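K.L.:
Here's a sequence, model it:
(one chain, ligands or ions: 3)
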Amino acid sequence: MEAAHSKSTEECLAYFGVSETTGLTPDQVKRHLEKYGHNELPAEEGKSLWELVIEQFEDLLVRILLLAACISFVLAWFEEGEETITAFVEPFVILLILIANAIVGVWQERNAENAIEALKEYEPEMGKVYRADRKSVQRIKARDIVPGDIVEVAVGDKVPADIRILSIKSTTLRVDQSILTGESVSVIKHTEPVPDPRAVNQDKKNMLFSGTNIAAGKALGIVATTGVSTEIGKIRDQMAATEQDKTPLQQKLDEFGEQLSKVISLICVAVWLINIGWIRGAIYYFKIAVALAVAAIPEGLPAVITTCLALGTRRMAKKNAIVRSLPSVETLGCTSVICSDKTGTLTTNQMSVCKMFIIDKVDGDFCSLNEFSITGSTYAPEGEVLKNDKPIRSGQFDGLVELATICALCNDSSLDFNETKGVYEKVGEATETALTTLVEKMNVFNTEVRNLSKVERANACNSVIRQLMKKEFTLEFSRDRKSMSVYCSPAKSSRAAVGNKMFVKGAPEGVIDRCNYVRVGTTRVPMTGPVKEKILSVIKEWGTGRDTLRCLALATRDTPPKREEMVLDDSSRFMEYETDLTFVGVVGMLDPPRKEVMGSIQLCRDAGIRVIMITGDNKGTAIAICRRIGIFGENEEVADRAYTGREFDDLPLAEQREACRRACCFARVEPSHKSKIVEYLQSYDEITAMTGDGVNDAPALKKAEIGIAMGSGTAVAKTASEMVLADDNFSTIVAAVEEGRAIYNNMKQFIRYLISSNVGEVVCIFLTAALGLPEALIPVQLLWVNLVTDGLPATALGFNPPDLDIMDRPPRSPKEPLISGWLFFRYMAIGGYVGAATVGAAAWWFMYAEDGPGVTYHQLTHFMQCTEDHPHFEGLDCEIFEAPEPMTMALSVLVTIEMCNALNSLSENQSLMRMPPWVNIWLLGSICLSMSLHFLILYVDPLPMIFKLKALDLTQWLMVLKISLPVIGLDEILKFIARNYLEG
Ligand SMILES: Nc1ncnc2c1ncn2[C@@H]1O[C@H](COP(=O)(O)OP(=O)(O)OP(=O)(O)O)[C@H]2OC3(O[C@H]21)C([N+](=O)[O-])=CC(=[N+]([O-])O)C=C3[N+](=O)[O-]
Ligand SMILES: FC(F)(F)Oc1ccc2c3c([nH]c2c1)[C@@H](NCc1ccc(Br)cc1)CCC3
Ligand SMILES: [K+]
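P.N.:
Numbering: from 1, shown residues only. Ligands and ions are numbered 1, 2, ... in the order given. I have put the structure below:
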């Protein structure tokens, strides 16, 4: 049933064929389950495992490795002679590593997915329905509440569906629906039809929305829509699925992927070309092509990448930064401008009326004032009211009595006592509750409150004013006039002839212009120029002083219009109905900046991040706040870097864009302006973190490259967001950007470490083919390196502790190459030394090791010419070239160097003498475990037969360290030219 908000109780009942006492029949339930599905957000769709395999097949390197599989398969098939046929392990392993990688990408594609699942969290487990089974209410699983059944809800329950209220059983019904509308005040719900069929949800005051909770009361309704049809379920309809564009790192990695394709193909052609001058031969340059493919591809890199991301996500997630979109962590390092709202994010949103003034005397041009101050900054109703630092019984001033009345009446919020926490808490809007607390502190009628209870005391004095003036109706706040008013009539009935009143509170600018009189206690004197000046002179002093107060003016229309001649259907006339007012006084409440923000702001400048503050204060106060928290200097001229929504809109398009180039402070912007500022910032290739919590903030969060939504905010903003501030703190953003920087510098390290490791293997294979030597590494050994003995240090590298200057450098540009020009030189030379060292390791055994045959280099590089007992190969067994020992020398050198390179990769440019190995203790363990797995693979008797290895003696090991360790002295020397001859 659509638009049930416009239909009467009887109509919705007549629509579904239900009784308000009998409920639904099980037969009706079956029929509805069929015609409406269950009451839940359906499981993820559009994702096919088989169709996902196509994406893996489409990737280039997967195509290569898949081709290396079929080759390795046919090679093991054909080569029955001179080897055991139980040697299909290599093609099998190739497939498994390919299968594993497919699983891996899918496995945490669900981590990039379920970002939108943060909305599935808002629906409840259970609900209550009256049904045709029992005369009492049955508690059903919420996902089985079909449309049409009668639902009961009480205090503190979650509304389990979208329900048209049928009959409120308690006195009144208040519904917290902030989660869906942003309404920070519990809405009064009624049972009448709201007439407009397309009215906004804020007007649907007869509807219960799923996912919202009941502030107070108890009602009975009938389910109008379930699951997706609900307004909270309408949020899932977009379901992302927008244009998906590769991240900059994803794009760069793929360019390396194809340069790797070119390089493999060329080497493959070169060795087929070098061999100048058959079945046994067709084997060779296919075997090495497999050895080539396996040696070039990092194999385990996606596993390491998606792991260090997951652990970084949880690191950030415990710093109150909830990463929805995973590509964000890359983007977070490139953040050039954070643009955030003031209230609740730069400040505590913990309101307290700090100062207030009424008029003292008026003589001609002169106008004195009675200024008051109030101790206590919590919502607790405790503290003095001060005049000249001394206590004052507020009720002695008739001007304060009227101020207290206006505050208590121009108010839709209240105070509550949390029985468990033992503290006073905010009900409804924070800025209104500040007035509630102020009234209780003033106590203008000297209501006896001492012997009350912590609960009763919360609203005693507010209730006393409610006992005097009966709030007939309210004139809602509009932004054109920046004020609201309430029409009240006397309720004592014993007291006579007071008359109907209208109490107006609003921004001092507009309210004061619509005043014609100033109340002096109980007397009335017309509004004059000299007095209005002194009023604004203190309002401006307060909103610009060291305490930076938002100010509110309180007024009264002494003679309101005829209640039967006011038309409440159109806001446009509301301002006129608040004319001929009498200025009563002004309250000034503080909302102090969070302890951290001043320092957190400083970091953004040190790191080259511009901070734009969007706020609703006046341009005067907005500028002042920016000096207080440090966006501007106290003595700096900020004329050109602070704008208002109307000022900004006055500039032509060209002058608009130049403003965002330099601006840092926006006051009172329309909703559309956030999205317009982002567009302008994009025109300068600036990468923006933009914050929002409200329902209108959605498009500027989809548009911003890093949409940041508030944890206490609406559901829609969270959905359009890339990240969520669980603690609402602005410093959580800075900490998020900082962490996002460290992670990329660590991804860069293990990317280089793994790929430079790959280079050494490609060199080793290439020399073997070029020199005609026997194979020194076989693909099974390489995969064990590129997946295990390298993967563990590669991961632990991602935990390299951040640089000390990490927040003293400009944002990384999105086009920043993975390697500089010189890094290409450094890693080629190391990958070269790694290639030569592994081949020489095996050659040393064949020619010089005591256990080895001690053959000559001509013999060794013609080892396949050992057809029979040759005169050339005198005293040798042909098989000695297939011996496990030379391979195990090479693999042991490849492993040991990659442990040393891991120690080198601890820093891109720092010596190990300055930043020692134990700086990353997680990395030491990764090396201890990789080496352990190497001794395991040599010593547990199923394993050596597989990988074709044999345990080295003490001599052969000391030869590995003889060979391997200099790679440290090589990189240390290479790191020297960097920090001493390249930058200067
Ligand atoms: N586009 C705008 N043009 C003009 N003023 C704007 C605009 N947007 C917001 N304001 C005013 O600024 C006040 C608080 O803004 P501020 O807390 O700085 O930031 P926001 O709460 O708007 O943003 P956030 O909640 O953090 O997303 C609001 O209080 C009030 O009017 C609102 C308000 N209200 O929002 O309901 C009621 C009120 N009385 O008296 O009822 C007085 C306000 N006031 O004096 O500012
Ligand atoms: F060895 C397998 F083929 F099985 O696994 C891999 C290992 C590494 C890569 C690489 C790619 N496909 C691979 C597939 C290519 N793009 C896939 C990819 C893109 C971004 C991220 Br993050 C991870 C992988 C480009 C080089 C890196
Ligand atoms: K976005």
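
K.L.:
Tell me which residues touch the residue of the stretch 451-600 of the chain found nearest ligand 2, please.
P.N.:
Nearest residue of the stretch 451-600 of the chain to ligand 2 (CB to the nearest ligand atom) works out as residue 600 at 30.3 Å. Backbone N, C-alpha and C define where each C-beta goes, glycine included. Contact analysis of residue 600 by CB atoms under 8 Å, 6 or more residues apart in numbering lists 730-731, 734.

K.L.:
need those residues in JSON lines with distance to residue 491, neighbour count and secondary structure, can you?
P.N.:
Compiled in JSON lines, the contacts of residue 600 are given as follows (distance: CB to CB, whole Å; neighbours: other CB atoms under 10 Å; DSSP: H, G, I helix; E, B strand; the rest coil):
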{"residue": "730", "distance to residue 491": "45", "neighbour count": "28", "secondary structure": "helix"}
{"residue": "731", "distance to residue 491": "49", "neighbour count": "22", "secondary structure": "helix"}
{"residue": "734", "distance to residue 491": "53", "neighbour count": "26", "secondary structure": "helix"}
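
K.L.:
What parts of the stretch 101-250 of the chain come near ligand 2?
P.N.:
Residues of the stretch 101-250 of the chain lying near ligand 2 by CB under 6 Å from any ligand atom: 101, 250.

K.L.:
where along the stretch 101-250 of the chain do the strands fall?
P.N.:
Secondary structure of the stretch 101-250 of the chain (DSSP state E, counting those that start in this stretch): strands at 126-130, 137-141, 150-153, 162-168, 174-176, 187-188, 207-208, 213-216, 219-225.

K.L.:
And for the stretch 701-850 of the chain?
P.N.:
Taking DSSP E, counting those that start in this stretch to define them, one finds strands in the stretch 701-850 of the chain at 706-710, 723-725.

K.L.:
May I see these organised as a markdown table, with mean neighbour count and distance to ligand 2 added?
P.N.:
What follows is the strands of the stretch 701-850 of the chain, written out as a markdown table (neighbours: other CB atoms under 10 Å; distance: least, CB to the nearest ligand atom, whole Å):
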| stretch | mean neighbour count | distance to ligand 2 |
| --- | --- | --- |
| strand 706-710 | 27 | 19 |
| strand 723-725 | 26 | 19 |
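
K.L.:
so which of those comes closest to ligand 1?
P.N.:
strand 706-710 (8.0 Å).

K.L.:
Show me the contact partners of that closest one.
P.N.:
Strand 706-710 has contacts (CB under 8 Å, 6+ apart) with 328, 331-332, 335, 340, 344-345, 687-693, 697, 700-701, 717-718, 720-725, 728, 733.

K.L.:
Residue 798 - how many residues pack around it?
P.N.:
For residue 798, the neighbour count with other CB atoms under 10 Å is 23.

K.L.:
for residue 16, same thing?
P.N.:
So residue 16, with other CB under 10 Å, has 18 neighbours.

K.L.:
now the one 5 residues further on
P.N.:
Counted by other CB under 10 Å, the residues lying close to residue 21 total 9.

K.L.:
So how do I select the buried members of the contacts of strand 706-710 in ChimeraX?
P.N.:
Buried subset of the contacts of strand 706-710, written as a ChimeraX selection, criterion 16 or more other CB atoms under 10 Å:
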select :328,331,332,335,340,344,345,687,688,689,690,691,692,693,697,700,701,717,718,720,721,722,723,724,725,728,733
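
K.L.:
Restricted to helices, list the contacts of strand 706-710.
P.N.:
Of the contacts of strand 706-710, the ones assigned to helices by DSSP state H are 328, 331-332, 700-701, 717-718, 720, 733.

K.L.:
Where do the domain boundaries of the protein fall?
P.N.:
Following curated CATH domains, one finds the domains of the chain at 1-45+115-241, 46-114+242-335+728-984, 336-348+593-727, 349-592.

K.L.:
First residue to last residue on the shortest one, what's the distance there?
P.N.:
By that I understand domain 336-348+593-727. 23 Å (CA to CA, to the nearest Å).

K.L.:
From the chain's centroid, how far away is it?
P.N.:
For domain 336-348+593-727, the distance from its own C-alpha centre to the chain's C-alpha centre is 17 Å (CA atoms, centre = their mean, to the nearest Å).

K.L.:
quick one, what contacts the residue in the stretch 601-750 of the chain positioned nearest to ligand 2?
P.N.:
Relative to ligand 2, the nearest point of the stretch 601-750 of the chain is residue 747 (8.8 Å; CB to the nearest ligand atom). Taking CB under 8 Å, 6+ apart, we find residue 747 in contact with 249, 305, 308, 798.
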